[PDB]
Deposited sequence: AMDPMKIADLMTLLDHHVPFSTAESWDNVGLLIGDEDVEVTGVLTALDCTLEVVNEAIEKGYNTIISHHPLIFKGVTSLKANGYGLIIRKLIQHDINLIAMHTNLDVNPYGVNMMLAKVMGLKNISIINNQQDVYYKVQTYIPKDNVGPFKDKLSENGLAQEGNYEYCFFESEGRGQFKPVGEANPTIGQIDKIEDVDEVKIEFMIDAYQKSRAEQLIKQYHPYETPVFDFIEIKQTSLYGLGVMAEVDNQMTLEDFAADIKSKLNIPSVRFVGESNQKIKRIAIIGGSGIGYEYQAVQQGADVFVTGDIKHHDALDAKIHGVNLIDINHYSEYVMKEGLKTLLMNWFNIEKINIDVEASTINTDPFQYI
């Protein structure tokens, strides 16, 4: 008897590759509308889950929509047949599940900004603005001989990855001891306390947790470079064509030479000065407003507004990711990128 993938199985897989915990604390991510117990019949990727997207999923026989933008962001106070209420109600009425992979996908090594840089044909793409993850270096003190492996083996048996580090030294030079050390993630602190107490000895078994911060693989934005050095206006025209953008605008001398590019898709104004500090010749983002562009201009910070809507690259990008992850796990569920242009703006 089969184990067809349920929403709960999909959630675990999504979380493995694009951890929901990497989303900002203000964000609203994960299963927003649906039922964990339901069997997935197909997956439609979307930037914004508009009414037409829901209609498209229904028409295709798919019961799961993964969007970038959370359809429910601040709590909804009503669910009427109007506005966003009409979309939410239609999902529920048709038993469609909606998952949001929002800022977790913005900060992922394979997420929105890797996807943007790739579509722009750029090279040497690296995450920037790295998160910091908290670890602990756990240090225990134990006598030599057989009580060392006795510790090692039991500790490694009950989890806590089998990489240890051992040094001789004297407690008091009365009691000669071995100081053992290993790493734990911040969540394991509790378990590590338990397991050390259970399989150690004395009246006062000595153990320490030393906070270690490590640079994360996750961060908001990428730095990349063009193949060949280019003028600002030529780089702007190039990416307008590659991303099929109706209108692009840039801030800076049109003949400015550009090699290193920082990209935060969406609305990344607030990071442009830091991007310049980090080595960018231009900061690429959307939703750039007059006074921030004016400020950038006077300071010599070069900008390109590719429009917030250029995050739409994640529909095909995430479709490709998910098909790969499904291949690995030998899952045959169909994934399609929504073909609807959901940009609220029409350009003239």
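**Asked** Which segments of the deposited sequence lack C-alpha coordinates in the modelled structure, numbering from residue 1?
**Response** Seq positions lacking coordinates: 173 to 194, a single run.
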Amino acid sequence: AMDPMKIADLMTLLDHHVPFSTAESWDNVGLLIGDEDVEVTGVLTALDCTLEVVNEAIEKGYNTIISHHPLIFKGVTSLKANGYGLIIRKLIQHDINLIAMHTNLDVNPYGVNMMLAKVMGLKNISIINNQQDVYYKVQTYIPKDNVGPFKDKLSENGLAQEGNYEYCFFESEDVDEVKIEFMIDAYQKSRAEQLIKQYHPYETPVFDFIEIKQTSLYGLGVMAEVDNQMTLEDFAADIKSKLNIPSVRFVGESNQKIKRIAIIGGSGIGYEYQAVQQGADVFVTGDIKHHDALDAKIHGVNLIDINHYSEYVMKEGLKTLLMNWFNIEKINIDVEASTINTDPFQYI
From here on, numbers count along this sequence of modelled residues.
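**Message:** Please compare 207 to 215 with 236 to 244 and name the stretch with the higher mean C-alpha B-factor in the deposited structure.
**Reply:** Between 207 to 215 and 236 to 244, it is 207 to 215.
**Asked** Per the entry, where is the mean C-alpha temperature factor higher: 43 to 51 or 319 to 327?
**Response** Result of the comparison: 319 to 327.
**Asked** Which one of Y84, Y110, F250, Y135 shows the biggest C-alpha B-factor in the PDB entry?
**Response** Highest CA B-factor of the listed options: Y135.
**Prompt:** Whose CA atom has the top B-factor in the entry, of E181, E272, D95, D106?
**Reply:** Of the candidates given, the C-alpha B-factor peaks at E181.
**Message:** How does the C-alpha B factor of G148 compare with the rest of the chain: lowest, middle or highest third?
**Reply:** Its C-alpha B-factor belongs to the highest third of this chain's values.
**Request:** Just say lowest, middle or highest third for the CA B-factor of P201 relative to the other modelled residues in its chain.
**Result:** Answer is highest: the recorded C-alpha B-factor places it there.
**Message:** Lowest, middle or highest third: which one holds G265 when the chain's residues are ordered by CA B-factor from the entry?
**Reply:** For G265, whose C-alpha B-factor we compare with every modelled residue in the chain, the answer is the lowest third.
**Asked** Among the modelled residues of its chain, does the C-alpha B-factor of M2 lie in the lowest, middle or highest third?
**Response** Tercile = highest for this residue's CA B-factor.
**Request:** Consider only the C-alpha atoms of the modelled residues in this chain, order them by B-factor as the entry records it, and name the third containing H102: lowest, middle or highest.
**Result:** For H102, whose C-alpha B-factor we compare with every modelled residue in the chain, the answer is the lowest third.
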